[PDB]
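Encoded as C-alpha cells, the structure appears first; notes follow it.
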Amino acid sequence: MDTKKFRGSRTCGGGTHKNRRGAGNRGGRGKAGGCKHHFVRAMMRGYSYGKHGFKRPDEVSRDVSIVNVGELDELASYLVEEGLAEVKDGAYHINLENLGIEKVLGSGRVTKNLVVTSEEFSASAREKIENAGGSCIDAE
Amino acid sequence: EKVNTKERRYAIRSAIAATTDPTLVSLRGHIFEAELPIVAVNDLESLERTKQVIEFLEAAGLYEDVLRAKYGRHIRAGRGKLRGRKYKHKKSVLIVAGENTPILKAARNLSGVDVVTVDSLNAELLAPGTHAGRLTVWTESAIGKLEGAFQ
Amino acid sequence: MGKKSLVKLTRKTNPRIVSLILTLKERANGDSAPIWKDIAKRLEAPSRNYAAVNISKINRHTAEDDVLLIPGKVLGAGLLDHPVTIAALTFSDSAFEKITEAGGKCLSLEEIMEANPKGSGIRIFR
RNA sequence: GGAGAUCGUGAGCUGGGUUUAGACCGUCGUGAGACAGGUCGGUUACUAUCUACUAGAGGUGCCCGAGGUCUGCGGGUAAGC
RNA sequence: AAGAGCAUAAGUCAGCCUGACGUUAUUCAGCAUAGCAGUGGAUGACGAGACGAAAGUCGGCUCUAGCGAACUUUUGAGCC
RNA sequence: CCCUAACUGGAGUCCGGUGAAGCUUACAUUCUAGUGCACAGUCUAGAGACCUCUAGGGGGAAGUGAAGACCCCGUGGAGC
RNA sequence: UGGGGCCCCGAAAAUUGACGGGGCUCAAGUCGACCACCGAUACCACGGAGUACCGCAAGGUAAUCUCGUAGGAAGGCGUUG
RNA sequence: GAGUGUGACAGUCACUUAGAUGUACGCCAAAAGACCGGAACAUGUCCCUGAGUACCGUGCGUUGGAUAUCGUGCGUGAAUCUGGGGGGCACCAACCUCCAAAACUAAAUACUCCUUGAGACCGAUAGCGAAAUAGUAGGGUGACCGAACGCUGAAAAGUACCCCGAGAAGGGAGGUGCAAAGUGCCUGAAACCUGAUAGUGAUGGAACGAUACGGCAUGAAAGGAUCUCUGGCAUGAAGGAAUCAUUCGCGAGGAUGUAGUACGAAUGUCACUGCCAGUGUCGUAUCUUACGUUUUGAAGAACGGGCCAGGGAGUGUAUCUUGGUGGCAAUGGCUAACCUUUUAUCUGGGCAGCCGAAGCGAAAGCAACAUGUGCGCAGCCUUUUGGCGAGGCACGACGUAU
RNA sequence: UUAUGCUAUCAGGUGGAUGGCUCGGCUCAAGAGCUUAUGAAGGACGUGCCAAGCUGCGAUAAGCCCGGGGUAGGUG
Ligand SMILES: [Mg+2]
Ligand SMILES: [Mg+2]
Ligand SMILES: [Mg+2]
Ligand SMILES: [Mg+2]
Ligand SMILES: [Mg+2]
Ligand SMILES: [Mg+2]
Ligand SMILES: [Mg+2]
Ligand SMILES: [Mg+2]
Ligand SMILES: [Mg+2]
C-alpha cells in the first residue's frame, strides 16, 4: 500500500494496533469457515456448499463453434474478398468446414442467396436460409 | 515492464516525428543551427575515420552539440562513481545508417553520439529519459528503409 | 473552469485531448454554444467510459446527410448504407474504410469546429 | 472502654495460622486426583537517590566593626496523673 | 400455552365427500429501518375434483408454535 | 523476660590510598483538605518554607528487585 | 385554630482545614424586584489566509464554509540512486 | 572520450582502451585411404521370437487416478502367430492400435567449489559472521554458538637542540608540515565532564513553556534605513463618550438634546529621531498537572523510556477484483515458450493458446431482437413552447431449462 | 567576590556518530566441471638471522631443478 502516506500515523490505517495480527483478524485462512461464520460471504462469493450434476468425459464431449446467419450474410462479401468463399451465379457459396464454425443459427436476417454447407443447421437457420433463396447442405 | 507492440511502435513513430520538430529538438538542450530534419546522402555510410565525421558534423551545423557533450561531460555525485558510473554523460548526435557500414565504427567514438541502423532504433535512442527531441542524423538509406518500419 | 475541471484536465496525459478540451471550452465561450462545452465535459469524463460507437448504431439512428459527433472511437462492427459525416476522436481502420466506401466523411473535432463552430445540426452520439 | 490510621506499622521484627512443591488419616472419585476437613515438615531479597523527622555544624540575609547581657514574635509540655 | 377471531357462525348435529390434491410465480416476516440460511403464510396461475340452485368455500383441523443445511443412503415417475 | 547495664574484639563514626553496582521522563523545600480512574510532592484553595553539609534509623515516594506463581480468559500447551 | 417564610433542637469520627480563603450581621446571608458596570476566540467591523462550487480568464458567491479520534481522499517536503 | 592511478576535475603522464599479435602441451577437426557389410523379390499343413513373467484375488502405501495411478507383501498363474496386450467398472462382438516381461544411447536440461563479466544492490551497527593475524578471540564436557577492530601525511619530512623530571614516561621552549593531521593519528556531533562569559541567586513553588510588558548583556555577517522612536494633519468601519440643560424615577439611575459630535482599528502624507526586528537570561500579569500507549475515562499511586548517537516495522511471487491514464478494437485483443542479441537492452518474427464473439441445461440436446413500441436528460432546431433525440429508463418479441 | 546552584552560549577533555573514501560483500549472467592406495582433502607438529599470528612449504621445509614470458631489481 501507500507506505509513505502512513509514516507517522502509527497504526497505518488499521485502527487499533491490536488489529492486523494474523489469521484471526480475517476469520481463518483461505475461504475457511464457510459453514459457520462466513456463511453469508460464502453465499455472496459462490463458496456455498454442495455438489450438483455430473461430467461426461472430455474425450467424447465436444463444444461446437457457432455463427449466426446475420454474421454470414452481412460479411459474406468479406469472405469472397478474403478467399474463403466465392460467388457462383449470384449465390454466395460459403462452406463452414474451413472457417472452423460447425453450426449455423438463424440470429438476424438473410438477404442474399447463400449456398451454405455445414455440419448441422438449426431449424430457424434452415428457414432463414431457404427463404432468401439459398440452400443448406450437410457436409461430412 | 511491458508495452504492446502496436502502442510501442506508435510511441517510436511519435519519437521519430519529434526529431523533425525544431522546437522540441532545441528544447532538449541540443545546440545547433541546421534546419530539421537533417537527412544526408548515402555517402555517409562509407567514411571510415572520425575526422570525416567531425567534418560532416561541422558542415551540417551540429559540431557545437558534440563539443557540448565532450566538455560538459562531468563527474556525477554520490555512490555512482564507486559502482562504475563516474562521469555523467550527455547526448548530442544520433546517426542512423541504412545498413551496417564503416560509419558505425566512424562516429562510434563521438562524444555523446550514438549511431545505429534503422533496425536497432528503439525509442530510448529517439528520446532518452522520456524526453523526445534527440538531434538525429539520418541518411537516404534509412529513409528508404523506413516506409513500413513501425506499421 | 473550476478546480474539479482542473483536476480532471491535469489527470489526462494526452496533449491532444487536453488541447481539445481547452479549445472546446474557448469555443463554447466565444460562440456562446453549449455544444462545445458539452463535448468538453464529455471528454473530461473518465477515459474508461469514453464513447466507442459501432457502425450499427450510426446506421440505425440516422438519415441521409447527417452530422454526427462521437466523443471517442468509431468502431467497425456493422454496415453503413448512406452518407454520414462522423467527427469523432479516433477511428478504427475498419470503420474508416466502411465510411469511406459508403461516401461519408471522417474528420475530427478540431476539423468539425473549424468547418462550423455554431454546431447547428450536430447530433451528439455515444 | 471501644474504634480509626492501606482491617496503622514485614526497605521494623516474628513466622504461630492461611495460600506452593513431600507425607499420613477420614470422606469423595473406576482412576489421575480433590476436600471452604484435620495432622507433621516447609528460603523473609535490597549499600536510602528525593522527602519527612531527630540531633550536630558551615554560610549568607539583618547589621558602623566586635563583644557581652537581655527581651520575647513564636514553638513544646502531663510534667505531672 | 397465551392472546386475538367467530352467532342465520369460525360452534353442534346430519347428508355427500377427501382440497390433509400434483406443478408453479410473487411479496412478506423469521431478519422494522437494512444484508442473512430451510422454512412458513398471504395472494395468485396451470391441471384435476368435492359439496352447493348458484354465489361461493375447500392448498387440512379459526389465526399465531409442533421442527433441521451440505454430504450420504433408500424410495417414487420419466428421462440424460 | 521483669529491665536493662557495663566491658572485650571486629564493623560503623573521622582520616590516607584504592574503588564498583542497583532504582532514574522531567522538575522537586514540603504539610492539610478537596478534586481527579474513587490511594496527589507537581492539579485547586490554604498553611509553611533562607541555603548548604554531616550523622541517624527507616515514616512516605501506593520505594527497588519481577511482563503475578492466586482468580479468569486463550476454539495456547505439557504430563498423568 | 388553620396555612405560610427563615431559623433552632433532633445533629456523634477518627492527621489540623476548608463558604475556594480572608472575612461578612438593616450583610459581603435568604426572599420579591430593579439599576449600572465587568466579563469570551461568541456577535459586529476592518485587514489577511485557506477551502467549497461556478467562470475561458480576470474573477464571483459563502448568515446558509473553516473543531476534530478510527478512517477515506487530495496536494506537497526530505534521503539514496 | 571504458576506466584506474597520478601530491585536486587526466582522451593526449603511466597502466590502458578499439584493433592487431604470439602461443608448447592439450581439445576439436574436414579432404585423402584401409576395415565388416547392406536391401528387396517369390516361396510354404515347416521352425524361433524373453515365466513364477503378463494377468488375477486380497492387504497396505502412494497418486488427481475416481469400481478407471503406480509400487509390492502374501496367494494364484497362463498362451505361443490358427498367438498375446491395450482402447480409464467388467464380459461379448466389430473396428483401431501395438509386441511386453532382456540391453544400450549424445544434444536440448539441472547445480555452482572454481573462472570471467555486470549491477537504480550494501558502503562499515550496512554487505558474508569475517574489508578476513575470521569460524579467529571467546563460550560449551559435547553436538555446537560466535564478535569487535578500516582511514597520518603528497613525501616520514614520524619532532633536531635546550630546560624541568629519578625517568627512552610526560610537560615547556623550539622545529618539520599549506594544515599536527603528533602513531586506532581524516572530518571529529551529542551524552558526560572541566573552565570562562551573561543573567539571576542563600524569602523561595514545581510539567520547565505560550502570550504581553520591562531590567541586564548581545545585535559584525546574513534583517529593516520613510526602517526605529516621538508628534501634527487628511480619510476614518464596528462602537461612542465626558460636561451642561430639560424631564421622569421612592431611589440606584433612565429618556431627550448637546451628538451619531469630539473620539475611534487602519489607510496616506509631513516633520522628528537612531534605534528596531532578533538572540541569551531574569522578573511581572494570564493560561497550561509531560509524551506515547491500553483505556468509557491518564498527571496517575496503570504500562514504556536514565541520557546521547546510529540501526529498527506494509516487502516479493502467483492469482482474483476495481480505479486513473493509454494502445488496438467484432474484418477483435495479447502473445507465452522460443528464433534473431552485433552479449541480459532492443528490432523483426512466434496464431500454439487465453479472453471476447451465444446463451440455457446435470446431461443428451437445442439455439435467440442488425430495435416492434412508449417516455425522455445532454445536445440541435424552434413562433421559447413545443419538435427530433445518441446514451438512459420501461415494455413487447425470441433462445433454452423447469 | 553570593557558597552549593539554575539556564543559554563559548573553550577544552572523554567519545567515535555524521560526511568523504574503500583491495571487501551480495545478487545475476557466461564458461568450465571431478579428485583419491603413483597415498588425496582435512588435521597435528616442524619450518624464517633477528619471526609471535596468518599464509606458503615439509628434515631439500616462505623453498629445489628444467623449457617459455619478463628484465632490473628481489628478499610474503
Ligand atoms: Mg474488530
Ligand atoms: Mg514499612
Ligand atoms: Mg501479565
Ligand atoms: Mg472462542
Ligand atoms: Mg485520521
Ligand atoms: Mg582510450
Ligand atoms: Mg560487518
Ligand atoms: Mg479509544
Ligand atoms: Mg535513526
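Each chain in the C-alpha cells gets a letter, A, B and so on, in the order shown; residues start at 1 in every chain, and ligands are counted from 1 in the order they appear.
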
- [ ] Name the residues, by chain letter and number, that sit within 9 Å of ligand 8 using only C-alpha atoms (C1' of nucleotides) and all ligand atoms, and give them as a PyMOL selection string.
- [x] (chain A and resi 16) or (chain G and resi 69-70) or (chain H and resi 294-296)

Let's have the selection written as a PDB file, in the first residue's frame, with N, CA, C and O atoms (P, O5', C5', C4', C3', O3' and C1' of nucleotides).
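out-v4.pdb was written with the following content:
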ATOM      1  N   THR A  16      -7.138   0.118  15.679  1.00  0.00           N
ATOM      2  CA  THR A  16      -6.360  -0.289  16.833  1.00  0.00           C
ATOM      3  C   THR A  16      -5.056  -0.919  16.359  1.00  0.00           C
ATOM      4  O   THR A  16      -4.984  -1.498  15.274  1.00  0.00           O
TER       5      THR A  16
ATOM      6  P     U G  69      -8.205  14.212  14.116  1.00  0.00           P
ATOM      7  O5'   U G  69      -8.579  12.995  15.058  1.00  0.00           O
ATOM      8  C5'   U G  69      -7.874  12.769  16.267  1.00  0.00           C
ATOM      9  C4'   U G  69      -8.232  11.442  16.883  1.00  0.00           C
ATOM     10  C3'   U G  69      -8.319  10.259  15.931  1.00  0.00           C
ATOM     11  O3'   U G  69      -7.058   9.707  15.617  1.00  0.00           O
ATOM     12  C1'   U G  69     -10.253  10.311  17.255  1.00  0.00           C
ATOM     13  P     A G  70      -6.856   8.944  14.228  1.00  0.00           P
ATOM     14  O5'   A G  70      -7.902   7.758  14.326  1.00  0.00           O
ATOM     15  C5'   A G  70      -7.669   6.637  15.162  1.00  0.00           C
ATOM     16  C4'   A G  70      -8.562   5.490  14.781  1.00  0.00           C
ATOM     17  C3'   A G  70      -8.512   5.076  13.322  1.00  0.00           C
ATOM     18  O3'   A G  70      -7.414   4.251  13.001  1.00  0.00           O
ATOM     19  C1'   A G  70     -10.746   5.331  13.959  1.00  0.00           C
TER      20        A G  70
ATOM     21  P     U H 294      -3.612   2.233  21.923  1.00  0.00           P
ATOM     22  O5'   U H 294      -3.964   1.468  23.269  1.00  0.00           O
ATOM     23  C5'   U H 294      -3.548   0.126  23.458  1.00  0.00           C
ATOM     24  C4'   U H 294      -3.913  -0.383  24.825  1.00  0.00           C
ATOM     25  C3'   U H 294      -5.379  -0.287  25.185  1.00  0.00           C
ATOM     26  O3'   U H 294      -6.123  -1.356  24.639  1.00  0.00           O
ATOM     27  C1'   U H 294      -4.048   0.463  26.998  1.00  0.00           C
ATOM     28  P     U H 295      -7.611  -1.107  24.107  1.00  0.00           P
ATOM     29  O5'   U H 295      -8.378  -0.612  25.406  1.00  0.00           O
ATOM     30  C5'   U H 295      -8.710   0.753  25.563  1.00  0.00           C
ATOM     31  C4'   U H 295      -8.993   1.101  26.999  1.00  0.00           C
ATOM     32  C3'   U H 295     -10.262   1.904  27.226  1.00  0.00           C
ATOM     33  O3'   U H 295     -11.408   1.082  27.349  1.00  0.00           O
ATOM     34  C1'   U H 295      -8.454   2.989  28.279  1.00  0.00           C
ATOM     35  P     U H 296     -12.634   1.268  26.337  1.00  0.00           P
ATOM     36  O5'   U H 296     -12.940   2.819  26.442  1.00  0.00           O
ATOM     37  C5'   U H 296     -13.997   3.427  25.724  1.00  0.00           C
ATOM     38  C4'   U H 296     -14.660   4.505  26.543  1.00  0.00           C
ATOM     39  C3'   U H 296     -13.747   5.435  27.329  1.00  0.00           C
ATOM     40  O3'   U H 296     -13.272   6.493  26.521  1.00  0.00           O
ATOM     41  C1'   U H 296     -15.575   4.735  28.672  1.00  0.00           C
TER      42        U H 296
END

Open item on the list: I'd like the neighbourhood of region 19-27 of chain F as a ChimeraX atom specification, where a residue qualifies if any of its atoms comes within 6 Å (using only C-alpha atoms (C1' of nucleotides)), though same-chain residues fewer than 2 positions away should be ignored.
Closed with: /F:64 /H:206,306

Mind dumping the selected residues with N, CA and C atoms (P, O5', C5', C4', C3', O3' and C1' of nucleotides) as a PDB file, in the first residue's frame?
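In the end it all went to result.pdb:
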ATOM      1  P     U F  64       9.207   1.460  42.944  1.00  0.00           P
ATOM      2  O5'   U F  64      10.611   0.729  43.057  1.00  0.00           O
ATOM      3  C5'   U F  64      11.774   1.281  42.462  1.00  0.00           C
ATOM      4  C4'   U F  64      12.955   0.362  42.623  1.00  0.00           C
ATOM      5  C3'   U F  64      12.795  -1.030  42.038  1.00  0.00           C
ATOM      6  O3'   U F  64      13.044  -1.083  40.647  1.00  0.00           O
ATOM      7  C1'   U F  64      13.630  -1.197  44.236  1.00  0.00           C
TER       8        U F  64
ATOM      9  P     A H 206       5.701  27.959  40.296  1.00  0.00           P
ATOM     10  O5'   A H 206       6.158  26.661  39.497  1.00  0.00           O
ATOM     11  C5'   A H 206       7.533  26.335  39.337  1.00  0.00           C
ATOM     12  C4'   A H 206       7.773  24.840  39.285  1.00  0.00           C
ATOM     13  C3'   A H 206       6.691  23.983  38.638  1.00  0.00           C
ATOM     14  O3'   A H 206       6.783  23.984  37.223  1.00  0.00           O
ATOM     15  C1'   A H 206       7.381  22.992  40.679  1.00  0.00           C
ATOM     16  P     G H 306      15.654   3.405  30.838  1.00  0.00           P
ATOM     17  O5'   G H 306      16.302   4.626  31.620  1.00  0.00           O
ATOM     18  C5'   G H 306      15.495   5.546  32.336  1.00  0.00           C
ATOM     19  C4'   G H 306      16.234   6.830  32.606  1.00  0.00           C
ATOM     20  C3'   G H 306      16.760   7.559  31.382  1.00  0.00           C
ATOM     21  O3'   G H 306      15.768   8.353  30.757  1.00  0.00           O
ATOM     22  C1'   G H 306      18.474   7.400  32.997  1.00  0.00           C
TER      23        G H 306
END

Task: CA of residue 91 (chain C) to CA of residue 71 (chain A), distance in Å rounded to a single decimal - done: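 The value is 22.1 Å.
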
- [ ] Please identify the residues whose atoms come within 8 Å of ligand 2, using only C-alpha atoms (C1' of nucleotides) and all ligand atoms, and report them as a PyMOL selection string.
- [x] (chain D and resi 9-12) or (chain F and resi 58-59)

Selection file, N, CA, C and O atoms (P, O5', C5', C4', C3', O3' and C1' of nucleotides), as a PDB file, in the first residue's frame:
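In the end it all went to selection.pdb:
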ATOM      1  P     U D   9      -0.493  -1.292  57.760  1.00  0.00           P
ATOM      2  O5'   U D   9       0.918  -1.245  58.488  1.00  0.00           O
ATOM      3  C5'   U D   9       1.910  -0.302  58.120  1.00  0.00           C
ATOM      4  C4'   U D   9       2.987  -0.208  59.170  1.00  0.00           C
ATOM      5  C3'   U D   9       3.705  -1.503  59.504  1.00  0.00           C
ATOM      6  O3'   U D   9       4.761  -1.781  58.603  1.00  0.00           O
ATOM      7  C1'   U D   9       3.074  -0.401  61.500  1.00  0.00           C
ATOM      8  P     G D  10       4.586  -2.807  57.383  1.00  0.00           P
ATOM      9  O5'   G D  10       5.352  -4.106  57.873  1.00  0.00           O
ATOM     10  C5'   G D  10       6.574  -4.011  58.582  1.00  0.00           C
ATOM     11  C4'   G D  10       7.549  -5.058  58.126  1.00  0.00           C
ATOM     12  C3'   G D  10       7.917  -5.015  56.655  1.00  0.00           C
ATOM     13  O3'   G D  10       8.974  -4.112  56.409  1.00  0.00           O
ATOM     14  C1'   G D  10       7.449  -7.253  57.339  1.00  0.00           C
ATOM     15  P     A D  11       8.882  -3.038  55.228  1.00  0.00           P
ATOM     16  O5'   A D  11      10.400  -2.683  54.967  1.00  0.00           O
ATOM     17  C5'   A D  11      11.353  -3.711  54.780  1.00  0.00           C
ATOM     18  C4'   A D  11      12.630  -3.165  54.207  1.00  0.00           C
ATOM     19  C3'   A D  11      13.299  -2.086  55.026  1.00  0.00           C
ATOM     20  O3'   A D  11      14.053  -2.611  56.095  1.00  0.00           O
ATOM     21  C1'   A D  11      13.191  -1.391  52.785  1.00  0.00           C
ATOM     22  P     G D  12      14.395  -1.688  57.353  1.00  0.00           P
ATOM     23  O5'   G D  12      12.974  -1.183  57.870  1.00  0.00           O
ATOM     24  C5'   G D  12      11.949  -2.090  58.249  1.00  0.00           C
ATOM     25  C4'   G D  12      12.132  -2.545  59.670  1.00  0.00           C
ATOM     26  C3'   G D  12      11.813  -3.990  59.967  1.00  0.00           C
ATOM     27  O3'   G D  12      12.788  -4.887  59.467  1.00  0.00           O
ATOM     28  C1'   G D  12      10.998  -2.625  61.707  1.00  0.00           C
TER      29        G D  12
ATOM     30  P     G F  58      16.403   0.327  60.812  1.00  0.00           P
ATOM     31  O5'   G F  58      14.979   1.028  60.882  1.00  0.00           O
ATOM     32  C5'   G F  58      14.030   0.879  59.841  1.00  0.00           C
ATOM     33  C4'   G F  58      13.145   2.088  59.710  1.00  0.00           C
ATOM     34  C3'   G F  58      12.131   1.991  58.587  1.00  0.00           C
ATOM     35  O3'   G F  58      10.981   2.764  58.907  1.00  0.00           O
ATOM     36  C1'   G F  58      13.661   3.726  58.115  1.00  0.00           C
ATOM     37  P     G F  59       9.718   2.081  59.622  1.00  0.00           P
ATOM     38  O5'   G F  59       8.598   3.200  59.529  1.00  0.00           O
ATOM     39  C5'   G F  59       8.306   3.796  58.279  1.00  0.00           C
ATOM     40  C4'   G F  59       7.283   4.892  58.384  1.00  0.00           C
ATOM     41  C3'   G F  59       6.747   5.367  57.046  1.00  0.00           C
ATOM     42  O3'   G F  59       5.685   4.568  56.570  1.00  0.00           O
ATOM     43  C1'   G F  59       7.522   7.215  58.236  1.00  0.00           C
TER      44        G F  59
END

TODO: Step by step, measure atom-to-atom distances between ligand 9 and each residue using only C-alpha atoms (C1' of nucleotides) and all ligand atoms, keep those at most 8 Å, then write them as an MDAnalysis selection string.
DONE: chainID H and resid 310:312

Task: Shell of 7 Å around region 122-135 of chain A, only C-alpha atoms (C1' of nucleotides), local chain residues under 3 positions omitted, as a list in words - done: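 What passes the distance filter is residues 69, 104, 105, 106, 110, 111, 112, 113, 114, 115 and 116 of chain A.
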
Hey, could you make a per-residue contact list for chain G against chain C with 7 Å as the cut-off, showing the nearest pair of atoms and its distance in Å to one decimal, counting only C-alpha atoms (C1' of nucleotides), sorted by chain and number, as a tab-separated table?
residue	atom	partner	partner_atom	distance
G:54	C1'	C:2	CA	6.6
G:55	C1'	C:1	CA	6.1
G:56	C1'	C:26	CA	5.3

- [ ] Excluding region 215-219 of chain H and residues on its chain fewer than 2 positions from it, collect all residues at most 9 Å away from it, counting only C-alpha atoms (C1' of nucleotides), and give them as a VMD selection string.
- [x] chain H and resid 198 to 199 278 to 283

Open item on the list: Give me, as number ranges by chain, all polymer residues having an atom no more than 7 Å from residue 12 (chain C), counting only C-alpha atoms (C1' of nucleotides) and skipping those fewer than 4 positions away in the same chain.
Closed with: C: 8, 18; H: 325

Task: For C1' of residue 45 (chain D) and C1' of residue 15 (chain D), the interatomic separation in Å (one decimal) - done: 16.8 Å

TODO: May I have all residues of region 25-108 of chain B that DSSP, computed from the backbone, assigns to strand (DSSP E), given as an MDAnalysis selection string?
DONE: chainID B and resid 38:40 74:75 87:88 93:97

- [ ] Set the cut-off to 12 Å, count only C-alpha atoms (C1' of nucleotides) and all ligand atoms, and list whatever residues fall near ligand 4 as a ChimeraX atom specification.
- [x] /A:24,27 /F:73-76

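Using only C-alpha atoms (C1' of nucleotides), one finds that the residues of chain B close to chain G, at 10 Å or less, are residues 77, 78, 79 and 80 of chain B.
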
- [ ] For residue 24 (chain I), list every protein, DNA or RNA residue within 12 Å, evaluated using only C-alpha atoms (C1' of nucleotides), and leave out those in the same chain fewer than 3 positions away; present the list as a VMD selection string.
- [x] chain H and resid 122 to 124 127 to 128 130 to 132 150

Could those selected residues go to a file with C-alpha atoms (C1' of nucleotides), as a PDB file, in the first residue's frame?
ATOM      1  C1'   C H 122      25.397  -2.511   0.691  1.00  0.00           C
ATOM      2  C1'   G H 123      29.080   1.346   1.912  1.00  0.00           C
ATOM      3  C1'   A H 124      31.427  -0.291   7.584  1.00  0.00           C
ATOM      4  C1'   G H 127      27.114  -6.047   2.724  1.00  0.00           C
ATOM      5  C1'   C H 128      29.289 -12.754   4.057  1.00  0.00           C
ATOM      6  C1'   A H 130      34.805 -12.152   8.901  1.00  0.00           C
ATOM      7  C1'   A H 131      37.018  -5.025   4.199  1.00  0.00           C
ATOM      8  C1'   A H 132      39.393 -11.584   6.834  1.00  0.00           C
ATOM      9  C1'   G H 150      39.243   0.181   8.090  1.00  0.00           C
TER      10        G H 150
END

- [ ] Write out as a VMD selection string the residues lying within 9 Å of region 54-66 of chain C, counting only C-alpha atoms (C1' of nucleotides) and excluding same-chain residues fewer than 5 positions away.
- [x] (chain C and resid 73 to 86 95 98 to 99 104 121 to 123 125) or (chain H and resid 370 to 371 390)

Open item on the list: Using only C-alpha atoms (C1' of nucleotides), I'd like every residue of chain A that has an atom within 9 Å of chain G; please write them out as a PyMOL selection string.
Closed with: chain A and resi 13-16

TODO: Can you check which residues of chain A DSSP gives as helix (DSSP H, G or I) on the backbone and send them as an NGL selection string?
DONE: :A and (23-25 or 39-45 or 69-74 or 76-82 or 123-131)

Would you name the residues within 9 Å of ligand 6, counting only C-alpha atoms (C1' of nucleotides) and all ligand atoms, and put them as a PDB file with N, CA, C and O atoms (P, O5', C5', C4', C3', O3' and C1' of nucleotides), in the first residue's frame?
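File selection-v3.pdb, as written:
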ATOM      1  P     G H   1      38.468   4.638 -25.467  1.00  0.00           P
ATOM      2  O5'   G H   1      37.524   5.880 -25.787  1.00  0.00           O
ATOM      3  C5'   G H   1      37.876   7.224 -25.463  1.00  0.00           C
ATOM      4  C4'   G H   1      36.830   7.864 -24.584  1.00  0.00           C
ATOM      5  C3'   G H   1      35.402   7.807 -25.129  1.00  0.00           C
ATOM      6  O3'   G H   1      34.465   7.632 -24.059  1.00  0.00           O
ATOM      7  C1'   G H   1      36.043  10.056 -24.818  1.00  0.00           C
ATOM      8  P     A H   2      33.285   6.536 -24.153  1.00  0.00           P
ATOM      9  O5'   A H   2      33.870   5.274 -23.389  1.00  0.00           O
ATOM     10  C5'   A H   2      34.314   5.378 -22.049  1.00  0.00           C
ATOM     11  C4'   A H   2      34.198   4.060 -21.331  1.00  0.00           C
ATOM     12  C3'   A H   2      34.644   4.061 -19.882  1.00  0.00           C
ATOM     13  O3'   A H   2      33.655   4.556 -18.995  1.00  0.00           O
ATOM     14  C1'   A H   2      35.603   2.219 -20.980  1.00  0.00           C
ATOM     15  P     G H   3      33.826   5.963 -18.234  1.00  0.00           P
ATOM     16  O5'   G H   3      35.370   6.028 -17.826  1.00  0.00           O
ATOM     17  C5'   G H   3      35.818   5.972 -16.479  1.00  0.00           C
ATOM     18  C4'   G H   3      36.311   4.591 -16.113  1.00  0.00           C
ATOM     19  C3'   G H   3      37.394   4.535 -15.044  1.00  0.00           C
ATOM     20  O3'   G H   3      36.850   4.549 -13.740  1.00  0.00           O
ATOM     21  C1'   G H   3      38.064   3.251 -16.899  1.00  0.00           C
ATOM     22  P     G H  11      39.976  13.339 -19.765  1.00  0.00           P
ATOM     23  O5'   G H  11      40.007  12.393 -21.044  1.00  0.00           O
ATOM     24  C5'   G H  11      40.161  10.987 -20.929  1.00  0.00           C
ATOM     25  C4'   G H  11      40.861  10.441 -22.140  1.00  0.00           C
ATOM     26  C3'   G H  11      42.292  10.923 -22.331  1.00  0.00           C
ATOM     27  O3'   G H  11      43.232  10.140 -21.619  1.00  0.00           O
ATOM     28  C1'   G H  11      41.081  11.235 -24.333  1.00  0.00           C
ATOM     29  P     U H  16      50.288  -2.246 -20.102  1.00  0.00           P
ATOM     30  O5'   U H  16      48.772  -2.269 -20.588  1.00  0.00           O
ATOM     31  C5'   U H  16      48.179  -1.170 -21.266  1.00  0.00           C
ATOM     32  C4'   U H  16      46.838  -0.820 -20.672  1.00  0.00           C
ATOM     33  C3'   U H  16      45.613  -1.103 -21.527  1.00  0.00           C
ATOM     34  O3'   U H  16      45.193  -2.458 -21.464  1.00  0.00           O
ATOM     35  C1'   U H  16      45.468   1.082 -20.646  1.00  0.00           C
ATOM     36  P     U H  17      44.456  -3.154 -22.715  1.00  0.00           P
ATOM     37  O5'   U H  17      43.331  -2.110 -23.142  1.00  0.00           O
ATOM     38  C5'   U H  17      42.125  -2.027 -22.395  1.00  0.00           C
ATOM     39  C4'   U H  17      41.166  -0.993 -22.922  1.00  0.00           C
ATOM     40  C3'   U H  17      40.727  -1.181 -24.360  1.00  0.00           C
ATOM     41  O3'   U H  17      39.689  -2.131 -24.473  1.00  0.00           O
ATOM     42  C1'   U H  17      41.367   1.050 -24.031  1.00  0.00           C
ATOM     43  P     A H  18      39.394  -2.885 -25.852  1.00  0.00           P
ATOM     44  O5'   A H  18      38.794  -1.748 -26.790  1.00  0.00           O
ATOM     45  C5'   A H  18      37.541  -1.895 -27.439  1.00  0.00           C
ATOM     46  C4'   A H  18      37.581  -1.273 -28.804  1.00  0.00           C
ATOM     47  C3'   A H  18      38.083  -2.176 -29.921  1.00  0.00           C
ATOM     48  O3'   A H  18      37.088  -3.034 -30.444  1.00  0.00           O
ATOM     49  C1'   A H  18      39.204  -0.110 -30.031  1.00  0.00           C
TER      50        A H  18
END

Open item on the list: Residues of chain I within 12 Å of chain B, counting only C-alpha atoms (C1' of nucleotides), what are they? List them as a VMD selection string.
Closed with: chain I and resid 19 to 22
